[PDB]
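In the form deposited in one PDB entry, a lone chain appears below as structure tokens.
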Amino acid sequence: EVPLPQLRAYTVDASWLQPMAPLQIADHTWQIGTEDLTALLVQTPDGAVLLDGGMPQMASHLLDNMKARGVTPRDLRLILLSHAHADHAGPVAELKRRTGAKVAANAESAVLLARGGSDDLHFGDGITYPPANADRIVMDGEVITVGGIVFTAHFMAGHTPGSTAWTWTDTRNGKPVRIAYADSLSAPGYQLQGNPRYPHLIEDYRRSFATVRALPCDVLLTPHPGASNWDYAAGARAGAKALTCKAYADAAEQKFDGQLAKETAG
């Protein structure tokens, strides 16, 4: 007698779960997540924005870092997402319960967020998290303005259908810094060709490489910092080795072409 298997929790590298203090990126923009997951806090005179929250169990750490920055729960106005996987949108439901924040996302991300990442096109129910509702649906190229910082959505479907880059202009040393928070361009274990759940997967990825290459991009940040060669633990040198958006897109495309060739061979 063999019982059905136990449910398996979504476990990750310890660095993904390693708390860090807030690391300033530009005058209004801070990394407040963990060593290996991005969660960006943007502070304005008219409230704060969070872009991604990381894993589900990061909610309280995020709230601590906001507090350290001067941002109370009522000051958090808006949550934006790169994509609605558990390691980026994980604590969103809880953050909505514990703060004033409302979520803006595109339709694809909203429907995946609302089912807590279940029935994923590639992962099935293997990587789920508490579901949350979007409060605003955004379209490609739409802007959201908070405390006068202007965030623009750039859709870059592929990693998930709803993958989005967010761009905004901050400052440092009195000069503008065009920040591009580009989503993942990876396809981990995905069936790329002839996938019945995502028939135009390859065309979407190619289009997304071109989108990312062309972003306004003085500084690139990514949901997994290593993807853009950030090292959040490296202090004053954390961003020193960061890729350009062009280099990030080129590397992702070369990796993707390799994966396609391997899929054909396997």
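Residue positions are given as counts along the sequence shown, with the first one as 1. Here the rigid core means the biggest group of C-alpha atoms that line up within 1.5 Å when the two forms are laid on top of each other. Shifts are known only where both forms have a C-alpha.
> So 73 to 81 or 109 to 117, which one's hotter by mean CA B-factor in the entry?
Replying inline: Result of the comparison: 73 to 81.
> Higher mean Cα B-factor in the deposited model: 167 to 175 or 92 to 100?
Replying inline: Result: 167 to 175.
> Considering only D204, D46, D52, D231, which residue's Cα atom bears the greatest B-factor as recorded?
Replying inline: By C-alpha B-factor in the record, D46 ranks first.
>> Quiz for you: based on the deposited Cα B-factor, which of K241, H61, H224, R197 is highest?
In response: That would be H61, according to the entry.
> Where does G141 sit by CA temperature factor within its chain: lowest, middle or highest third?
Replying inline: Ranked within chain, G141 CA B lands in the middle tercile.
>> Could you place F256 in the lowest, middle or highest third of its chain by Cα temperature factor, using the values in the record?
In response: Its C-alpha B-factor belongs to the middle third of this chain's values.
> Once the chain's modelled residues are ordered by C-alpha B factor and cut into thirds, is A68 in the lowest, middle or highest one?
Replying inline: Its C-alpha B-factor belongs to the highest third of this chain's values.
>> Based on the deposited C-alpha B factors for this chain, I'd like to know if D36 is in the lowest, middle or highest third.
In response: CA B-factor rank for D36: lowest third.
>> Which third, lowest, middle or highest, does the C-alpha temperature factor of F151 belong to within its own chain?
In response: Top third by C-alpha B-factor.
The form deposited in another entry exists for this protein as well; it is not shown, and the discussion that follows is about that form.
> If you line up the core, which of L23, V12, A251, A242 has a CA that moves 2 Å or more between this form and the one not shown?
Replying inline: Looking at each option in turn, only one qualifies, and it is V12.
>> Assuming the CA distance changes by 3 angstroms or more, are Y10 and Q259 closer together or farther apart in the other form compared with the shown structure?
In response: Distance between the C-alphas of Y10 and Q259: longer in the other form, by 3 Å or more.
> Which parts of the chain move between this form and the one not shown, counting only runs of three or more residues whose C-alpha shifts are all 2 Å or more after core fitting?
Replying inline: Moving stretch: 1 to 16 alone.
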